[PDB]
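> What follows is a structure written as structure tokens; I'll ask about it next.
Positions of Cβ are backbone-derived with ideal geometry, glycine not excepted, and every protein chain shown enters the neighbour counts. All of the numbers you see were taken from the coordinates with simple rules; none came from a lab.
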Amino acid sequence: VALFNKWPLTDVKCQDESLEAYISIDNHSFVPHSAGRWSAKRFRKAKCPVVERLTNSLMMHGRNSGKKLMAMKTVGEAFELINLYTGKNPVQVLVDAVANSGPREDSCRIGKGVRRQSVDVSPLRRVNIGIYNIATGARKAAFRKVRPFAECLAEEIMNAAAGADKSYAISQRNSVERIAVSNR
Amino acid sequence: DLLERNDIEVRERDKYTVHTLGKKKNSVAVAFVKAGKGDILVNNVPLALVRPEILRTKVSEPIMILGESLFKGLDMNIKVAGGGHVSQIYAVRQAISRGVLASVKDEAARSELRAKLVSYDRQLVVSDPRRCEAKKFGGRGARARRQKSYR
Amino acid sequence: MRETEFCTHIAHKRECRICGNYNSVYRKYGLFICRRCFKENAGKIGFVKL
Amino acid sequence: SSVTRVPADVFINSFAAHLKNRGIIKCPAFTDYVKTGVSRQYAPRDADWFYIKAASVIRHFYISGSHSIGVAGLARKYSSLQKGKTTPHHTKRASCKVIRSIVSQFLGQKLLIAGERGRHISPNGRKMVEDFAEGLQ
Amino acid sequence: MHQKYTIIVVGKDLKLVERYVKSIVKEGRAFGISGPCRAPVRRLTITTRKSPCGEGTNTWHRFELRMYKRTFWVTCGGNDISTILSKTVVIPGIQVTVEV
Amino acid sequence: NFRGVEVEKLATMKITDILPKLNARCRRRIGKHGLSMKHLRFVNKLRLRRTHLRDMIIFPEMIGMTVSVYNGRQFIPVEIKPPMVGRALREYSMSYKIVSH
Amino acid sequence: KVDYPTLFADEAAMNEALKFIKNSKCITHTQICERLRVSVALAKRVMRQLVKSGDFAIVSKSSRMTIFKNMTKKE
Amino acid sequence: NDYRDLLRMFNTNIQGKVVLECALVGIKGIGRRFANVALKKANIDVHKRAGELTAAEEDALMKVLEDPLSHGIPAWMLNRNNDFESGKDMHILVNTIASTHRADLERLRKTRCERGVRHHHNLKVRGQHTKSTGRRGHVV
RNA sequence: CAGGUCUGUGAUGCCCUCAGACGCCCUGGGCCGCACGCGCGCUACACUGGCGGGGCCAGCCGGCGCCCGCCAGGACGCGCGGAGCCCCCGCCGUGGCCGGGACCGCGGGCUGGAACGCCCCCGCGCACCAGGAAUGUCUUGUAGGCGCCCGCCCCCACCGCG
């Protein structure tokens, strides 16, 4: 299977053994349009191509609700712009970006009378927040700029994968985690 | 467009061994399979050239998993009506899978071929049950409701 | 005389059969029954619910 | 058959150059400065648009075969939304005169024959359309 | 003589129309009466507010009059089918019409 | 100046003569649809010289003569002048009054 | 805050602008418009000239976004 | 290499940078015979980006603008279609638009007419709702 | 429930009215005014966008042709018939700009007995660059986006029901 008729899933293995189970490349299908019901069942969401989850996160804000065909086109162009600069498999750079963008600690009240305490983010939530943060940083970046959505999405993934704080998603992870360390 | 009796109306006879029906989101495809050279035609048009250029791989997906050699030797005439473009691309992959499987029929090879498709993609050979829900009074949406001004 | 000042046509005078009311004629299938008048007479016309 | 084997757009553009080269249609040049469809607002910027529309309209009449589609039906095939109003936008048919002019030229050319109700493609015109299609292939 | 007489049965109730179908098919089966041609149901619909006034959350009564119509084809002598109409079971409130 | 013709020429201008020059509504009112006897009879009173007809449109000969028009309560006095010819007097007589909040 | 170069850039600085994009390993029309401050409308017409040259090959070509990488220029 | 700075044509500095079919769209905010294209299309080509308008071609564009039917432009267009006083149809552009508009507005004041009386009070003409959307800037 | 409807009703107690009528009609005008406050909605604030051609996809359910007109619409006939989004190639390209389309001046139509109703053509080019305190709806074919039909109806939907 070559996603966008160009990229295999053979070398795409997640190094993070805590997050590897919830990221799946086995179900990948050229063109991330599988109409499989992810809403059904508590953890069927986990068994979904990571690239399709990104294609579902991309279509937000209402003015762009439901247009998967346009989102997956962006994912292909973004992957080409990641291949063009990183010079690595872009499905594998996304896998590293999802792994890093996910914070491991959050703040919730915990049966307190507004006093939040430290909690541990679940390994599914880490994957869901990570992808959501990648797409929302790009969304905000391309709102009023000549820079296309594809270019900013390509750059957040490239920045997250290393861990550069320029990524809106990694800044969010460090803010969430730090509030969790103090509310500990 | 709505489940009309227009199977033979497009093509007269032609020894179409099977007449499968694949239906996704109010779109039905009647696919007619006969011995051929591996040609597949949809709506009197080459299957490779389909309207959602991005989803043109989804149409050819059953051929890839099953194998080109098994597909070779078949000619399929598919007529899709109802529904919309993406469902019509989902209906034709379902129709192609069901029809090619019909040639094996009750064979052990069919059970393997149904399992082979069901593993790569389940519901490729099984209809998707989801259908549109009705609008209810007091809401523009089927379940959405009007904003409450007070309270 | 009186005739020229009596019921001169300005437009159609349409009423619900049974109510003689101009409002809400509801002539969707030529059934000129009032919206309220229709609910009293729906069983007789045979109109039925889900 | 043939016109299907060649992608629809790669046929229409090549046929537009062909229908300007063979002198088929001949733009009225009075409809050249008009905008097709009440729906649009800024008029075609192509300047060869009449030829693209002419090649598209013969290709429609070819796939119609004996259906013999009317000019108003073709106008509903070029209908778009009238956007730019506070009231929500709705679909609006294309200008009838432009299409009527295109179908008129084909009837005189004998590329398309007249039929009960709407006109349909003539055999003589079909020959030109399919030979061009196979030639592109 | 030998013309084609079109019988059309228009009925609000499905069970009543199915009964007329059984009688018509049985009487004309010898005369080669055609099997019932069922028309797409005419689900004439009126949705009206349940309240005479405008008070309360606006509620709607969804009333549907479904009309079921069966077209029948018999080709034979006219006099026989005129009698065939008497032979078929008469259903009150259900109508039959013959068109040549 | 009014629609090309000078005022003296436009007052001599026949009603079907000044109509090609007038606007679309006027052509429908004086041409295709036309007017009834009561509208004509009011025009006849103007001819006699030497109303509730808001629908009636101004005719060229009537210029210079002031016609009372009902607003639904009182007969508003409306003068007839050259640039307003062919325009319904219903836009000249006002039923409402200023907002005055 | 706009890119004032709009039509046919300027004169002889156009050659240096061409040199800058050739220096980039891979380019996008929007990327030249921000990096060179020349507008993306100008970038499309500039790019076709250096694609005819054969300096860059379009890895992916779409009406939405067109992206190019240098075929060679290695040494 | 060939690009020129903004030229003042018709009392406005039309930017040389913006496409010529739309750089003329802001002709002092008054005029636009082309409807985005017709006037220039009749004489020259569009999409020029502007700043390359030859002065002779610029004069030719001015000539069609000033005289509509001399170039055979469609009578269905034109800012003025009947001339309330003159009786003739011609394109009215730039300052003339303001002058003609003031005369029409003066004419409704001269012959008392509801459109003018509403205009004097600033009350909306043509638009018929003031109960709610007539708040405007807290004043009509 | 003292919720709402006596103004849907040859449903109706009682009071009023009852030929200078509160009967029933007829002409004109209002309900649609508007310093303003508030409730549904609608369209925007752009590039995942606008604009041009091309592909072309429904369902509740459903007529068309030919010719003329810039459209709007018309004439003359007959027996029939189908979306947006999205996809594809161009263009503009971060500029209140070609975003947006409020207003406002001619003009062309329509329907009716009659515009003040609606449609359309060239202008004209408003706020709005993402909305405080608050608040609402929603768990799969759902939200949201996007069309379409019908009800009332001379014309007319930013509405309701689908």
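> Which cross-chain or sequence-distant (5 or more) residues have an amide H under 5 Å from the amide H of residue E:76, H modelled 1.01 Å from N in plane?
Answer set, sorted by chain and number: E:3, E:5.
> Please report the antiparallel percentage of DSSP beta bridges with both residues in the protein assembly as shown, rounded to the nearest 5. Before the final figure, lay out the partial values.
Working: 68 of 73 bridges.
Antiparallel: roughly 95 percent of the beta bridges in the protein assembly as shown.
> Let me ask you something else. Loop only by DSSP, 13 or fewer other Cβ within 10 Å of the Cβ. Give me the chymotrypsin sites (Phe, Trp or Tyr not before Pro) in region A:125-155 that pass, ordered by residue number. List each step's numbers first, then the result.
On the way: sites: A:132, A:143, A:149; in loops: A:143.
Counting only loop positions with at most 13 other Cβ atoms within 10 Å, the chymotrypsin sites (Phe, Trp or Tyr not before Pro) in region A:125-155 are A:143.
> Dividing the convex hull volume of the Cα atoms of region B:100-141 by its residue count, what figure in Å³ per residue is obtained? Could the numbers behind the result be given before it?
Values: hull volume 3.9 nm³, N = 42.
Here the figure is 93 Å³ per residue.
> Tell me which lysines have Cα within less than 17 Å of residue A:140's Cα, excluding those fewer than 8 residues away on the same chain?
A:166
> Counting only other chains, what is the mean number of Cβ atoms within 10 angstrom of the Cβ of each residue in peptide H:105-118? Mind dumping the intermediate values first?
Values: counts 0, 0, 3, 3, 0, 4, 12, 8, 9, 7, 1, 1, 3, 3.
Per residue, the number of nearby Cβ atoms from other chains is 4 on average.
> Roughly how large, in nm² to one decimal, is the mean projection of the convex hull of the alpha-carbon atoms in region B:17-151? Mind showing how you got there, number by number?
Details: hull surface 43.4 nm².
Computing the convex hull of the Cα atoms and averaging its projections yields 10.8 nm².
> From the square roots a ≥ b ≥ c of the eigenvalues of the alpha-carbon gyration tensor of chain G, which class results: rounded (a/c under 1.5), prolate (a/b over b/c), or oblate? Don't skip to the answer; put the middle values down first.
Details: a/c = 1.89, a/b = 1.31, b/c = 1.45.
It is oblate, given that a/c is not under 1.5 and a/b is not larger than b/c.
> Could you tell me the relative contact order of region H:2-74? Use alpha-carbon pairs under 8 Å, at least six residues apart, and round to a whole percent. Each step should come with its number before you reach the end.
On the way: 81 pairs, mean separation 20.9, N = 73.
The value is 29 percent.
> Apply the Karplus curve 6.51 cos²θ - 1.76 cosθ + 1.60, θ = phi - 60°, to the phi angles in region H:133-140 and return the couplings in whole Hz, x for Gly and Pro.
Residue by residue, region H:133-140 yields 7, x, 4, 6, x, 6, 7, 7 Hz.
> From the alpha carbon gyration tensor of region D:2-131, can you work out the equivalent ellipsoid semi-axes (sqrt of 5 times each eigenvalue) and give them in Å, largest to smallest?
Values: eigenvalues 128, 55, 41 Å².
They are 25, 17, 14 Å, listed largest first.
> Ok, one more. Counting other C-beta atoms within 10 Å, and keeping those with at most 14, which DSSP coil trypsin sites (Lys or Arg not before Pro) do you find in region B:81-121? Mind showing how you got there, number by number?
On the way: sites: B:93, B:98, B:105, B:110, B:114, B:116; in loops: B:105.
For trypsin sites (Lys or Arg not before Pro) across region B:81-121 that sit outside H, G, I, E and B with at most 14 neighbouring Cβ atoms in 10 Å, the list reads B:105.
> Next question, about the same structure. Which of the pairs F:9/F:81; C:49/E:26; E:22/E:87 have their Cα atoms more than 22 Å apart in this structure?
Check vs 22 Å cut-off fails for C:49/E:26.
> Moving on. Show that you can apply the helix-only estimate: for the protein assembly as shown, add -39,500 (n - 2.57) for every DSSP H stretch of four or more residues, divide by all residues, and state [θ] at 222 nm to the nearest 500.
Details: 30 runs with 338 residues, N = 938.
So the calculated ellipticity at 222 nm is -11000 deg cm²/dmol.
> Given N residues in region A:57-184, what is its alpha carbon radius of gyration divided by 2.2 N^0.38 Å?
That ratio works out to 1.15.
> Can you classify chain E as rounded, prolate or oblate using the Cα gyration tensor, where a ≥ b ≥ c are the square roots of its eigenvalues, rounded means a/c under 1.5, and otherwise it's prolate if a/b beats b/c and oblate if not? Mind showing how you got there, number by number?
Working: a/c = 3.78, a/b = 3.34, b/c = 1.13.
Prolate.
> Let me ask another. Taking only the C-alpha atoms, wrap a convex hull around region H:75-134 and report its volume per residue in Å³ as a whole number. Could the numbers behind the result be given before it?
Numbers: hull volume 7.1 nm³, N = 60.
Given the Cα convex hull of region H:75-134, per-residue volume reads 118 Å³.
> Okay, moving on. Below 16 Å Cα-Cα, how many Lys pairs turn up in region H:2-74? Only count pairs eight or more apart in sequence, or on different chains, if you could.
Details: H:17/H:48; H:40/H:48; H:40/H:63; H:41/H:63.
Close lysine pairs found across region H:2-74: 4.
> Express the relative contact order of chain D as a whole percentage, based on alpha carbon pairs under 8 Å and six or more residues apart in sequence.
Working: 185 pairs, mean separation 40.5, N = 137.
Relative contact order for chain D comes out at 30 percent.
> Does region A:1-133 come out rounded, prolate or oblate by the C-alpha gyration tensor, with a ≥ b ≥ c the root eigenvalues, rounded set by a/c under 1.5 and, if not, prolate when a/b is larger than b/c and oblate if not? Show your work: numbers first, answer last.
Values: a/c = 1.92, a/b = 1.59, b/c = 1.20.
It is prolate, given that a/c is not under 1.5 and a/b is the larger ratio.
> So how far, in whole Å, is the C-alpha centre of region A:7-26 from the one of region G:1-70?
Here the answer is 37 Å between Cα centres.
> Could I ask something else about it? Given a cut-off of under 8 Å on Cα pairs at least six residues apart, what relative contact order in percent is computed for region H:75-134? All intermediate terms of the calculation are to be shown ahead of the outcome.
Values: 32 pairs, mean separation 9.5, N = 60.
Value for region H:75-134: 16 percent.
> Calculate, axis by axis, the spread of Cα positions in the protein assembly as shown along the three principal axes, and write the results as whole Å, longest axis first.
Sorted largest first, the three principal extents are 108, 101, 84 Å.
> I've got another one for you. Run the dipole for chain G about the Cα centre, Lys and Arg Cβ at +1, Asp and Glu Cβ at -1, nothing else charged, and hand back the magnitude in debye, nearest 20. Walk me through the numbers before you get to the answer.
Details: 15 positive and 7 negative charges, 76 e Å.
Dipole about the Cα centre, nearest 20: 360 debye.
> While we're looking at this one, here's another question. Between helix B:85-104 and chain B, what is the angle of the helix's C-alpha long axis to the longest principal axis, kept within 0 to 90° and rounded to the nearest 10?
The two axes meet at around 40 degrees.
> How large is the Kirkwood hydrodynamic radius of region H:2-74, in angstrom, based on all distinct alpha carbon pairs?
Values: mean 1/r = 0.0820 Å⁻¹.
Kirkwood hydrodynamic radius for region H:2-74: 12.2 Å.
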